Protein chains: 4
Amino acid sequence: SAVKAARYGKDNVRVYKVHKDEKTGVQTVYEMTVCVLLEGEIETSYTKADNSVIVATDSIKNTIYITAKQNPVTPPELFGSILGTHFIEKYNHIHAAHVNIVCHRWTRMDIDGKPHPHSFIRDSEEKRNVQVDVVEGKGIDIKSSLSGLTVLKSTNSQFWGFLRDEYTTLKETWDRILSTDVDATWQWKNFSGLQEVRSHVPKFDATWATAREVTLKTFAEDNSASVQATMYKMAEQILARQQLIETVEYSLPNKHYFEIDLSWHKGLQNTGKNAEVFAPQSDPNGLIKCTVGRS
Amino acid sequence: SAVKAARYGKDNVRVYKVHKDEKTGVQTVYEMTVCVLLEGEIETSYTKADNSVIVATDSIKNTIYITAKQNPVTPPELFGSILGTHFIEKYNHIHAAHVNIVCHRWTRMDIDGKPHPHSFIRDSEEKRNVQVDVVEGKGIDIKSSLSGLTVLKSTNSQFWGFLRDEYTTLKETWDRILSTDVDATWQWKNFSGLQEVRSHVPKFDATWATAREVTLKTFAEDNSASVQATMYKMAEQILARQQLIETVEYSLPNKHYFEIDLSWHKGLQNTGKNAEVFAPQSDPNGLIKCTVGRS
Amino acid sequence: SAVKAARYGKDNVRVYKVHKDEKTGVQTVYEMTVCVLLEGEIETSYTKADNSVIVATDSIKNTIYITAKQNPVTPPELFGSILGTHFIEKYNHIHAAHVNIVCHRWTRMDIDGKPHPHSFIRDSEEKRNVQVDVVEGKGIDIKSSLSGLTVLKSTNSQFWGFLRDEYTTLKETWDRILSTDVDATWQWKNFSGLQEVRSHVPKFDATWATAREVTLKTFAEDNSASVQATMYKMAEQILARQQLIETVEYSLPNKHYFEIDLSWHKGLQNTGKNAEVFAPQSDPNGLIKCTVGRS
Amino acid sequence: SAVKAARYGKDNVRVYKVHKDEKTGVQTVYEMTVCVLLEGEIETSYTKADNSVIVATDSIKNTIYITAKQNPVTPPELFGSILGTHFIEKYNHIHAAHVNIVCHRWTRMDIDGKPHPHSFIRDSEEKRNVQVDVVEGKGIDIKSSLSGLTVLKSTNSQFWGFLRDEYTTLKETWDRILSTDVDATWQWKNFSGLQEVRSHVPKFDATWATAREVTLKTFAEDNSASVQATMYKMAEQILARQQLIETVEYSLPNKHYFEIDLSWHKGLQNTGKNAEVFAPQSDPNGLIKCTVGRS
Ligand SMILES: O=c1[nH]c(=O)c2nn[nH]c2[nH]1
Ligand SMILES: O=c1[nH]c(=O)c2nn[nH]c2[nH]1
Ligand SMILES: O=c1[nH]c(=O)c2nn[nH]c2[nH]1
Ligand SMILES: O=c1[nH]c(=O)c2nn[nH]c2[nH]1
């Protein structure tokens, strides 16, 4: 027996940072959850009880706090690249740093039409995330994403024409609820290192906003032939809007809302064109995935 | 041994209802989770195996769907009163109906500055709830609430002057983060029955909006001496704004964000006036409650 | 406006305690989550910003750790009474202490037929809880409970004879799955104070074990006419077995497992006597409650 | 733009199956949650709105129920291989089926020392899982696992000798609590198809039991130099015990339990050799991973 792969570090490190403008008196808060895992020459810590190779997970935690102290935490793609670069430069035997970041919403409150200088509201469980792999010799791989974006449309969604055989009971439809929690990931072209990540900084926030925007507009406007067909159009657009992205990936649950037949009761009419009252279903759910790259 | 109290029914009934305007083409969706429990002359179902007294929980579920079909589901205080009244009028041996409703956010999407006719976004995990107790002979008791309203302010919160003794380690402060998940309940004056609940319908949505509004403004503007002092001012205002409310109750966790001392590292300065980076704490948390009524 | 009720304290305080026998070398661990809320003369902290009346929630937390250090943490009814008594004796203006405790399972591991001296396994998410209200002048009220005890029987459960009307679609049955998560609470006769709670210590662990035992045996052996009928027999027995209990309360979800009709497929036979494959339902669920006291 | 990868199917399909012995009168229940995703020639459903290529997720759900009806559901490695093989044989354009299965514990109850014929208890949230990839032309890849196995030892764990630098604050120790939730995956040698999976059936249950056994014994007996060192010995043993396994992978959180210093209070002694009372920490946690293969 031998160690084929190994990684270790600190998960679930919650970090909050405040920015205080002295001019405006305006405060901006950033909250995130950070995971850093390291790889490198650390087999002996497993095979020989040699702790001498271990940057302790506690230190990794200390380091996240220190790096957040000395650097901007925004955009997360940058903070993650700084944090991961720190570890492979600092430690000779550490050859890869994987950093994962979840950003939590703290939206400035509007009190009486005006932006409050220092109060915020978690206006959704939507997250913005990054996965940053900083690998000695191979640059910086970044996947950014939004997740937990939950939407529904009450009509303009259809599903007909699908395979029918002796396993099929589903009826074709031309009018249905479509509801999903959107998970969208866009993978950046590999960057050569931190200087190159710094050089693209403005693209991160912007591409995020664009992926959100496009996601929301296509979902609302597409008269959807299927989840498959709708997510492809989203991914197609993000790719067209940002040349530094190599692939867009979507993962979409189909959260079913079933018609409830009420005709057994006083011939009550609640199906088809008469459907007003539905039973949202907790499970099962369709799960539909697509990776879209450049042709 | 004897039955001192008994109640039974259906919990976690998820209900979605769409309203379709033919004029505008505009759709409005309502999603909620409903719980109905009944009391009455049902001891024998427990003591004697006499199922003859049981309106089956499955039927209760059917009834929720039927009532949502025939009536408005909005405001929840009304839907709950209709649903609970239905059971005590329908069944001679059923003397109390308790209805609980959680309303889930489906906010109309804005696509390109304009309200989309049929697409929605779950723009927060904030809930609006009601508890409705419909009791034969005693009218209708209604408690409405908002919960899951998560907010933070980065400054303008203080906590000093508290008792100090040999259990105390906490340092007084004049500048701190205050963060909480707001739970606010307002209890209506007892209503004589459905006609009276119908007669106050416009007050429900409005008092809800007012409780949200006041909650948000006081949190943002109060320079808070304590959570205790801040929630009292909220409750005081809701009571002043709506005469049909007998009591306002608040339940506020204090979600602590700890300073991280970084001076052990290169004399890094991250405490007091220098605090930029904090560790949000998952637990423990202060829990602070207040019921405010009329003097 | 005035303060009608107020309570404040520390929730979600996780506590672990190890007992080390020097004789045997045997270790015993206890893990729990503790909530303490205080009431008393604390209105001014709300109405006047007077923090002088506040035992800080941070201190309450310190105190839980100190009391766990100086006293046994087992049985929880005792630890809770000590902790709550501490607060009303220590502080003149504090007149009620409410202590809630959740005990988490750490079951000694069996390695090769033998009890391991210092390794444990969380062998279930079942909890043992107490609620202790220590009120100046009124003694100590204790409710103990078990919760999260999830069970299923594949047969010997029935449900027929229930009310049928134009809301009913449910078919009577003589053979069904019954599954539930058991919540059982037994309320002790009021105790005059700590000395009296100390005097009954051996009854706490024993009555707990008896409530678990009885719950499990009745569920397995009763050929159940209904959840209602089954839980009453459980409660009836606990009351008979322990004279110091005034009431037993049960709260039982009915977690439905639906037959799946497969006859549309090659006339596959999966209903009634042929039912092998079922669809466990996440929601809705029947919820059934009973409080049983002495006749 | 083009589709680089695509998969779609049904997630969260809950399935229960009862086995009824007529001889013994003994019932055995199996509950699981199943996910099936398909790949193949389905790009057009995304790019062209061509639903003609879609085996509807609803049908996939129907099929899971049908296959559970006609086949054993145990061991999960077999059921998963049957289910995935079904899809690639049934449908010409479907070239890969991925099946994921979570098995939930339903442990036969012991009533009065004897195994009850038809009552069960969810005696832990521990899961047994499989991931089965059935790929046209490439056989059947199976990864089996156990997860959610939560354990603690109060002593016989150490952590000293680790790297120290200006990011380090952690103190070396020779006595600590070690607690983790075990995730252990063993990957089988690729099988040529269903006949070959059928031919190894008895190895599945047995290797599972062995991985559980070894996990528990090593955790309890190893005087652990580090999580790293402890998990390697587990993985080393599983590999030695079962020749059909190519790799064992472990993923172990380190759930920290912090000493609480109580000497500020009446010089109370609760650290080092005196530590009795600890604060279990919800987050952050060390996360430690290892893949072990054959040298
Ligand atoms: O077992 C451990 N391994 C580690 O890598 C580590 N880092 N801090 N504590 C630790 N404990
Ligand atoms: O045991 C039951 N009690 C009930 O009240 C009920 N209603 N539907 N199924 C039921 N089962
Ligand atoms: O607002 C607060 N109220 C309290 O009672 C308290 N106790 N510690 N910190 C606190 N903050
Ligand atoms: O959009 C959909 N795609 C699918 O593949 C499917 N299967 N059932 N319903 C469905 N809806």
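The record lists X-ray crystallography as the method behind this PDB entry and 2.30 Å as its resolution.

Asker: Looking at this structure, how should I read the overall build of chain A?
Answerer: Helices and strands together make up the secondary structure of chain A, namely 5 helices and 12 strands. Split into buried and exposed, the 295 residues of chain A put 62% on the buried side. Relative to all contacts within chain A whose residues are 6 or more apart in sequence, the contacts with residues 24 or more apart total 65%. For chain A, the distance from the average position of its 35 positive side-chain charges to the average position of its 37 negative side-chain charges is 3 Å.

Asker: What is the right way to read the UniProt feature "binding site: 5-hydroxyisourate" in chain A from this model?
Answerer: Within this structure's numbering, the places UniProt gives as "binding site: 5-hydroxyisourate" are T57(A), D58(A), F159(A), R176(A), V227(A), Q228(A) and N254(A). Annotated residues spanning 198 residues; largest pairwise C-alpha distance 51.8 Å, indicating distribution over more than one region. Residues from the annotated list that form part of the lining of the second largest cavity: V227(A). Topologically, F159(A) is positioned in the loop between β7 (139-153) and β8 (178-188). The residues touching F159(A), leaving out its near neighbours within four places in the chain, are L170(A), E172(A), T173(A), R176(A), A225(A), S226(A), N51(D), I54(D) and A56(D). With respect to the helices and strands, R176(A) occurs in the loop between β7 and β8. Here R176(A) is in contact with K153(A), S154(A), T155(A), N156(A), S157(A), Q158(A), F159(A), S226(A), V227(A) and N254(A), once residues within four sequence places are set aside.

Asker: When you look at the side chain of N129(C) in this model, what are you seeing that I'm missing?
Answerer: Residue and element names in this part refer to chain C. Counting through the fold element by element, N129 comes out in strand β6 (residues 127-135). Relative accessible area serves as the criterion here: at 12%, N129 is assigned to the buried category. Setting aside anything within four residues of it in sequence, one finds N129 in contact with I101, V102, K143, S144, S145, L146 and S147.

Asker: It is not clear to me how the UniProt feature "binding site: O2" in chain A should be interpreted in this structure. Could you clarify?
Answerer: Residues and elements named next belong to chain A. What UniProt calls "binding site: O2" maps, in this numbering, to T57 and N254. Looking at where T57 falls in the secondary structure, it is placed in helix α2 (residues 57-70). Judged by relative accessible area, which is 8%, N254 ranks as buried. Setting aside residues no more than four positions away along its own chain, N254 makes contact with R176, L178, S179, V227, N285, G286 and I288.

Asker: What am I meant to see in the nonpolar core here?
Answerer: Soluble globular proteins: nonpolar side chains tend toward being buried together. Ranked by internal contacts, the top residues of the largest apolar core, which has 165 residues, are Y46(A), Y250(A), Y46(D) and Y250(D). Element by element, the count of residues in this core is highest for helix α4 (residues 194-221) of chain D, at 9 residues. Once you skip the residues sitting within four places of it in the chain, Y250(D) turns out to touch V182(D), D183(D), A184(D), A211(D), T215(D), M231(D), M234(D), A235(D), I238(D), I288(D), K289(D) and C290(D).

Asker: I tried to follow the relation of the copies chain A and chain C on my own but got confused; where do I start?
Answerer: Two chain copies, one operation linking them: a rotation about an axis together with a shift along it. Screw-axis analysis of chain A against chain C gives a translation of 0.0 Å along the axis, an RMSD of 0.0 Å, and a rotation angle of 180°. These values place the two chain copies in the arrangement generated by a two-fold rotation axis. Measuring from the rotation axis to each C-alpha of chain A, the shortest distance belongs to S282(A), at 3.4 Å. Of all interface residues in chain A, 100% are interface residues in chain C too; the two copies therefore contact each other through one and the same surface.

Asker: Just to check I follow, could you spell out the relation of the copies chain A and chain D for this structure?
Answerer: Overlaying chain A on chain D yields an RMSD of 0.0 Å, the required transformation being a rotation through 180° with an accompanying axial translation of 0.0 Å. Both copies present the same face, since 100% of the interface residues in chain A are matched by interface residues at the equivalent positions in chain D.

Asker: I would appreciate a short explanation of the site of ligand 2 in the present structure.
Answerer: In the vicinity of ligand 2, the contacting residues are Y8(B), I54(B), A56(B), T57(B), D58(B), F159(C), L170(C), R176(C), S226(C), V227(C), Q228(C) and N254(C). Proximal residues around ligand 2 fall on chains B and C, making this an inter-chain site. One of the backbone N or O atoms of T57(B) is found 2.7 Å from a nitrogen atom in ligand 2. Taking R176(C), its side chain carries an N or O atom lying 2.8 Å from an oxygen atom of ligand 2. The protein chains hide 98% of the 280 Å² of surface that ligand 2 would expose on its own. At the level of secondary structure, the elements contributing two or more residues to the shell around ligand 2 comprise α2 (57-70) of chain B together with α5 (227-241) of chain C. When its residues are assigned to classes, the shell around ligand 2 shows 6 nonpolar, 4 polar and 2 charged.

Asker: Explain unusual backbone geometry to me, please; I cannot follow it from the model alone.
Answerer: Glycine aside, a negative phi is what most residues show, and trans is what most peptide bonds show. Note that the residue after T74(A), namely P75(A), is joined by a cis bond; omega there is -10°. With respect to the secondary-structure elements, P75(A) resides in the loop between α2 and α3 (76-90). With phi around 60°, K266(A) is a residue other than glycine that occupies positive phi space. Position of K266(A) relative to the elements: it lies in the loop between β10 (257-259) and β11 (277-280). By relative accessible area, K266(A) is classed as exposed at 65%. Even without being a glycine, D112(C) presents a positive backbone phi close to 60°. Mapped onto the secondary structure, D112(C) falls in the loop between β4 (107-111) and β5 (114-121).

Asker: So what exactly am I meant to see when it comes to the packing of helix α4 (residues 194-221) of chain C against α5(C) here?
Answerer: Describing two packed helices takes the angle between their axes plus the distance from one axis to the other. Residues and elements named next belong to chain C. The contact between α4 and α5 brings their axes to 9 Å, and the two run at 145°. Crossing of α4 against α5: the hand is right-handed. In this structure, α4 uses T210, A211, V214, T215, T218 and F219 to contact α5, whose residues at the interface are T230, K233, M234, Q237, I238 and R241. Grouping the constituent residues of the contact of α4 with α5 by class yields 5 nonpolar, 5 polar and 2 charged.

Asker: Explain the interface of chain A and chain C to me, please; I cannot follow it from the model alone.
Answerer: When the parts come together, some accessible area is lost, and that loss is often what is quoted as the size of the interface. Taken together, the contact between chain A and chain C spans 9 residues of the former and 9 residues of the latter. Carbon and sulfur atoms supply 54% of the area that chain A and chain C bury against each other, a total of about 750 Å² over both sides. When the area that chain A buries against chain C is broken down by residue, the three leading residues are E166(A), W264(A) and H265(A), summing to 47%. Linking chain A with chain C are 0 salt bridges, by the criterion used here. Counting every contact that joins chain A to chain C gives 4 residue pairs in polar contact. Within the side of chain A that touches chain C, the residues separate by chemical class into 2 nonpolar, 4 polar and 3 charged.

Criteria and cut-off values
- Residues numbered from 1 in each chain as written, not as in the entry; some residues may be left out.
- Chains lettered and ligands numbered in written order.
- Heavy atoms only, no water.
- Helix = DSSP H or I, 4+ residues; strand = E, 2+ residues; numbered from the N terminus.
- Buried < 20%, exposed > 50% of the residue type's maximum accessible area, 1.4 Å probe, protein only.
- Contact = heavy atoms within 4.5 Å.
- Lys, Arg positive; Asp, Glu negative; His and termini not counted.
- Charge placed at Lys NZ, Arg CZ, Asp CG, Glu CD.
- UniProt positions renumbered as here; feature names shortened; annotations may be inferred.
- 1 Å grid on protein atoms, 1.4 Å probe; cavity = no way out; pocket = protein on both sides within 12 Å on 5 of 7 lines; lining within 4 Å.
- Core = buried A, V, L, I, M, F, W, Y, C linked by side-chain atoms within 4.5 Å.
- Least-squares fit on C-alpha atoms.
- Near = heavy atom within 4 Å.
- Polar contact = N/O pair within 3.5 Å; in protein donor to acceptor, adjacent residues only side chain to side chain.
- Areas by Shrake-Rupley, 256 points an atom, 1.4 Å probe, with all protein chains shown as cover.
- Nonpolar A, V, L, I, M, F, W, Y, C, P; charged D, E, K, R; others polar.
- Axes fitted to C-alpha atoms, helices over the stretch in contact; angles between N-to-C directions.
- Left-handed = near helix turned anticlockwise from the far one by under 90°.
- Buried area = accessible area lost by both parts, 1.4 Å probe.
- Salt bridge = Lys/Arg side-chain N within 4 Å of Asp/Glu carboxyl O.

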